[PDB]
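# no FASTA, just this:
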Ligand SMILES: [Zn+2]
Ligand SMILES: [Zn+2]
């Protein structure tokens with residue numbers, strides 16, 4: 001009458017602090033995206049932000065500098081479908 005093989009919950013990790021932070025959630029930016037302005041953001045925070053400025057004006061833009069560009073068809077610094085094994 002027993003079942004459940006859960007590995008040790010040692011989520012401890014020894015690494016340096018993070019410098020790249022998200023101007024939205026202000027938490028952390030490990031795999032942020034790149035825009036035509038330079039400022040990075042979360043692949044999610046960006047999607048949500050865009051909607052925000054959709055009911056007021058309609059068009060989205062950098063929530064930091066609000067530069068002129070296309071929030072669609074944007075690619076990050078590096079996009080490779082290669083996962084180390
Ligand atoms: Zn974020
Ligand atoms: Zn910007």
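Structure received. Numbering: from 1, shown residues only. Ligands and ions are numbered 1, 2, ... in the order given.

# Find the nearest non-adjacent residue to the residue nearest the centre of the chain, please.
Residue closest to the mean C-alpha point of the chain, counted by C-alpha atoms, centre = their mean, is residue 42 at 1.6 Å. With C-beta to C-beta, 6 or more residues apart in numbering as the criterion, residue 42 has its nearest non-adjacent residue at 5.2 Å, and that residue is residue 22. All C-beta spots, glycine's among them, are computed from the backbone N, C-alpha and C.

# Could you give the number of residues near that neighbour?
The number of residues packed near residue 22 is 18, by other C-beta atoms under 10 Å.

# Show the end-to-end separation of stretch 28-42, please.
The first and final residues of stretch 28-42 sit 9 Å from each other (C-alpha to C-alpha, to the nearest Å).

# right, I mislabeled it, should have said stretch 1-11
From its first residue to its last, stretch 1-11 covers 28 Å (C-alpha to C-alpha).

# Tell me if stretch 70-80 is near ligand 2.
No. Judged by C-beta under 5 Å from the ion, stretch 70-80 makes no contact with ligand 2; its nearest approach is 11.1 Å.

# The residue nearest to residue 42 contacts residue 28, correct?
Yes. Taking C-beta atoms under 8 Å as the contact criterion, residue 22 and residue 28 are neighbours in contact, 6.8 Å apart.
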